[PDB]
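Remarks on the structure that follows.
Note that each Cβ is placed from the backbone with ideal geometry, even for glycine, and that neighbours are counted across all protein chains shown. Bear in mind these aren't lab numbers, they're just calculated from the coordinates by the rules spelled out.
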Amino acid sequence: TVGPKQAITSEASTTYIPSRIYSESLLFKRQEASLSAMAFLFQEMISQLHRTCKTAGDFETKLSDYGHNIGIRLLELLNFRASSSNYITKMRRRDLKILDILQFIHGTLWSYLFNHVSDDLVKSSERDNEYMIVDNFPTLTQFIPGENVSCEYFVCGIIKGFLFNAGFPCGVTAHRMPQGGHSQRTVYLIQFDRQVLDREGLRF
Amino acid sequence: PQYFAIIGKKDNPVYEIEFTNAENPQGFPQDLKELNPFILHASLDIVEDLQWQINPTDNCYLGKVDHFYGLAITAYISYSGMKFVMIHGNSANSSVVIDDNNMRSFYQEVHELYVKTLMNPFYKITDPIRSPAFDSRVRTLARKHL
Amino acid sequence: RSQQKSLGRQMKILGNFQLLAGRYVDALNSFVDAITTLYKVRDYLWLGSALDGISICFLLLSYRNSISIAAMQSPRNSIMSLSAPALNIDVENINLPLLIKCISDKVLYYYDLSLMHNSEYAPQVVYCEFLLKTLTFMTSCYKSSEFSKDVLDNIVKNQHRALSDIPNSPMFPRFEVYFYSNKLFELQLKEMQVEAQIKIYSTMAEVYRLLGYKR
Amino acid sequence: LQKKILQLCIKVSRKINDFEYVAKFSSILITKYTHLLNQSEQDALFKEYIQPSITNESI
C-alpha cells in the first residue's frame, strides 16, 4: 500500500495465516532496572545535548523533541492498558475535556513511570488557559543541581506529546519553586492555545 | 468487494487496501474510483464533527455512520489520532449487513497490529507502512471476519 | 371526479394568480388600475390568504394526490410571505391551521416550525403522488419528470430552512440533521437539463460550505 | 487525490478552453507529482495535451 502505488491488491480466496514474521504479546512486563543505569543513560544524553547545541532555548527544544517522539507511543498503549492476545472487554471513554486528561497524567502516567502520583493538579487562579502540575521530588533529575531548570525538560516534552495527540496544542513550561519543606519541587505550569480553549469555550 | 483505509490526522492515508470475494472475482468495476477518497474524505468530515461531541459508553466504536446513493459506510475512531474505515459491500445489492459486534472484533483487533508497528521507533508518524507482513496479516485477519 | 378536476385547476390557477398579483412590490403602491387587486399600501395578500384557504379546503375536499401538494405549497408560501415579511403581526392562518389539522402536520405555533411541518406535509403528499400518468403543467407531456418537480420541491425546502442554523453558532441553533435530512437524492438525476443540475449542485455545495463541512 | 482532482481540472480547462489554466495546472501537475506516473496512467497519452500549450505562447 505504497504512497506511489494505488490501493490495489488481490482476492480473499487463499490463506496468509499466520505469517507473523514477528508478532508477540505486548502486556505489562516487569523487569525493573536500577535507577543508576537509567540515570547514566539520561546523563550521557544531556552531555550530548550540551555538546551539540548553542544556547538555552534551542537546547530546551532539542530536549523536548525526545518526549514528542515517545509521548504518542506511551499515550496509546497506556490508555489501551488502563481504559481497556487482547481478549478485550471494551475500550473506555476518550478525553472528554481538559480536566479528565490532566487527571489522566495525574492518575496513571506517573504511576506508570515513577510508581507514585504527583501531588496536585491545580487549576490556576487568574486564568484558565494556564494549568499547573507540581511534582514534589522529581525522580529522573534528582542528582542534577537544579539551579538551572533546563534539565527537567524531558518531562515537559513527554507531557506535551501526551496532549498534542489529544488535540490540545499547548505551551508547556517548567519552573521550580520551594513552597514547602519538600525541597526542589518543580512546577510544570502548562498553557494551551485559545482555540481548543474556545472549543471548550463553546459550551464547557 | 471490501476496501480498508486508515487515514491520518493531516488527511494522509497511512494504510489503504482493497480486496474482493472470488464470488465477485473483481471489485466495483467503474465505481472503484468514486468510492475512494472523496467519499472517505467526507467520511473524515463526519467523524471530524462526530468525535468531539459526547452525543450524536463506547466512545471509540461508532458503527455504520453514513450512506451515499449506492452503498453505506462504517467507521472507528482511535485516540492515537487515527480513524479506521472499512468499506464493504457487493455492488449489485444495497448491502445492509452491519454485523456491529463481530466487526467490532476487527477494529480493536487490527488496532494492535497498528500498535506494534507504531512502537517501531524507526517508524515515524505521517508516513505509510510498507510492511510486507502486516498487510498479509490483515486479509487473513479478515479471513476471520469476512 | 370532474368537479374535483375543475376545482383543482381553477383553485391552483387562482391561488398562484392572486399570490403573485398581491404585494409584488408594495413599498410605493401605485393605486391606479385597481381592477385585479386592492394594490394599496395595506394590500399584502389578505384576499390571497382567504382564496388560498378556500382553495386548500376545496383541494382537500377534492381528494388530489399529485396537484394537491400545491395547495400546501400555496398555504406555506402564504404563511411564509404574508406572515413573515410584510406581516405586521396579522398572521391570518386559521383555516391554514385547520387544513393542517385535516390533511397533515398540525400542532405548531412558531416561526421556522410550522413551515418545516407543512414542508414535511407537502413532501409526504408529493410522495403520495404515486402515479399521476398525465400532463398537468403542459410544457412537456411525454418527456417530463416528477423528478424535475420534486428536486425543486426539496430545494425550496433546503434553501428555506438550511439558513436557520446560523454561522454565529449559539445564535438560533438546532441539531445538525441538515446533512442527515439532506441525503435524499436517491433519484437518478442523469441530465434532464443541465442548468437544473448546476443550480441543484450549487446550492447543495453552498450549504455544506455554509455549515463548515468542506469535504 | 491530487492526481485525480487535477486530472478533472485539466479536462474542464480543455473543454471550456481557458488556455492559461491548462498551462498553469498541467505545469503544476508535472512539477509537483509524477513519481507515481509511469508510462501508464495516461502519461504516454499525456504530453500530447501540452504540445497545445507549447504551440501556444502559454508556458
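Loop-resident GluC sites (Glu not before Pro) (DSSP state other than H, G, I, E or B) in the range A:101-190 with no more than 11 further Cβ atoms inside 10 Å of their Cβ: A:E126, A:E147. Computed from backbone phi with θ = phi - 60° and the Karplus coefficients 6.51, -1.76 and 1.60, the 3J(HN,Hα) list for the range A:193-202 is 9, 6, 7, 7, 5, 6, 6, 5, x, 5 Hz; x is used for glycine and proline.
Taking other residues whose beta carbon is less than 12 angstrom from the beta carbon of C:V41, and scoring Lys, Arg as +1 and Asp, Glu as -1, yields +1. Taking the Cα centre of chain A as reference, the dipole from Cβ charges on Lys and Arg (+1) and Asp and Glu (-1) amounts to some 580 debye.
Note on the protein assembly as shown: with charges restricted to the Cβ of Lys and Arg (+1) and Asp and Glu (-1), its dipole about the Cα centre is near 880 debye. Across the range B:72-80, computed HN-Hα scalar couplings (Karplus, 6.51 cos²θ - 1.76 cosθ + 1.60, θ = phi - 60°) run 8, 10, 10, 8, 6, 10, 9, 6, 6 Hz from first to last residue, x flagging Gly and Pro. Each of B:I98, B:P25, B:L141 was placed along the dipole of chain B (beta-carbon charges, centred on the mean Cα), and the one lying farthest toward the positive end is B:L141. The residues neighbouring A:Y87, those whose beta-carbon lies less than 15 Å from its own, together hold a net charge of +2 under the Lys/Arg +1, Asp/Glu -1 convention. Over the Cα atoms of the range A:111-202, the radius of gyration divided by the Kirkwood radius equals 0.98; this is the Rg/Rh ratio.
Close amide H pairs (under 5 Å, H built 1.01 Å from N) link A:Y16 with B:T140, residues at least 5 positions away or on another chain. Calculate the length of the line joining the C-alpha centroid of the range C:163-215 to that of the range B:81-110, in whole Å. Using only Cα atoms, the two centres lie 27 Å from each other. Summarised as an ellipsoid, the range C:1-126 has semi-axes of 25, 19, 10 Å, derived from the eigenvalues of the Cα gyration tensor scaled by 5 and square-rooted, with the largest first. Here the scattering of the protein assembly as shown is modelled by Debye summation over its C-alpha atoms, one equal scatterer each and no solvent; at q = 0.12 Å⁻¹ the log10 of I(q)/I(0) is -1.29. Each of C:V177, A:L75, B:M86 was placed along the dipole of the protein assembly as shown (beta-carbon charges, centred on the mean Cα), and the one lying farthest toward the positive end is B:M86.
Translational diffusion coefficient of the range C:92-205 at 10 °C, 1.306 mPa s, Stokes-Einstein with Kirkwood Rh over Cα pairs, in µm²/s as a whole number. The estimated diffusion coefficient comes to 97 µm²/s. Only one residue of C:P167, B:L113, C:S74 has its Cα farthest out toward the positive end of the dipole of the protein assembly as shown, where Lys and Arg carry +1 and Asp and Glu -1 on Cβ, and that residue is C:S74. Annotation for the range D:12-59: GluC sites (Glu not before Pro) lying in DSSP loop with at most 14 further Cβ atoms inside 10 Å of their Cβ are D:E41, D:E48, D:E57. Considering chain B at the alpha-carbon level, its Rg and Dmax are found to be 14.9, 44 Å. Put in line by how crowded their Cβ is, counting other Cβ atoms within 10 Å and starting with the fewest, C:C128, B:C60, D:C9 read C:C128, D:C9, B:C60. Size of the range B:103-146 from its Cα atoms: along the principal axes, largest to smallest, the extents are 32, 19, 14 Å. When the Cα convex hull of chain C is projected onto planes of every orientation, the mean area is 14.2 nm². Can you give the percent of C-alpha pairs in chain A whose distance is more than 31 Å? Here the long-distance tail beyond 31 Å is 32 percent of all Cα pairs in chain A.
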